[PDB]
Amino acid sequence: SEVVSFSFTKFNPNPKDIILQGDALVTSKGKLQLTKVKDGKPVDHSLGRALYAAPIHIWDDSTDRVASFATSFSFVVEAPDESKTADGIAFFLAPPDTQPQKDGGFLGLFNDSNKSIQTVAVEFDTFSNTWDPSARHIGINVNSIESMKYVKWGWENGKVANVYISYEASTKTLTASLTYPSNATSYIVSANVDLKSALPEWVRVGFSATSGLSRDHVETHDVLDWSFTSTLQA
């Protein structure tokens, strides 16, 4: 494929363009609620993922070409307690048949299987596990729950976060930024990532999130909108 694009200003309650996995659902107001909410309150031990229906052609073995892509999405992570939060939300790419992996700190993306899984993620990590830096962080993750690069992230409870992720194929640069319009505060991180080596030719793209494994480490992970475009020169 050469060019694929799609833009949701909000999500449809029974989405056919979006493959919902685990606890993910679209609320009737059109928020993509990745992790469970009960009586308006986030629940623990939740794992939800959402992928776009069409696979994306990110590289081609015949032509040796790599896709470029850009995506925008806004998301909210709201926790009943500012200091106890887990586990986070991520935008990711994985093989098209990708299924939910471990919950909790593995973010539904990775596992501890000793079989290195193919998934490239931009995580917004709200809990410091063994493999994390100390502070909440935006991480670029290449086939590991351990980020290859991260920036410390001043998570704002319940505030809309605007994210813009792009991948420039000609330089192998993956760049992720987050901005909180509420107080015009922003964070960015970039990495040199070889998508040909990390991922298969075709992938599915989307989001994954998990709530903490305890009652006092719960938060929501809602996506409010999403735009994506990818071009493969071919």
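Residue numbers here begin at 1 and follow the sequence given.
Gaps at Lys84 occur in none of the other compared entries of the protein that contain both adjacent residues, all of which model it rather than a third dropping it. In at least a third of the other PDB entries of this protein that model the residues around it, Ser113 has no coordinates.
Of the two segments examined, 55-63 and 179-187, it is 55-63 that shows the higher average Cα temperature factor in the deposited entry. Checked against the record, the higher mean CA B factor of 157-165 and 115-123 lies with 115-123. Compared with the other modelled residues of the chain, the Cα B-factor recorded for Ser170 ranks in the middle third.
Per-chain ranking of the deposited C-alpha B factor places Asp132 in the middle third. Split the chain's modelled residues into thirds by C-alpha temperature factor. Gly48 is in the middle one. When all modelled residues of the chain are sorted by CA temperature factor, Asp87 is found within the lowest third. Split the chain's modelled residues into thirds by C-alpha temperature factor. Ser147 is in the lowest one.
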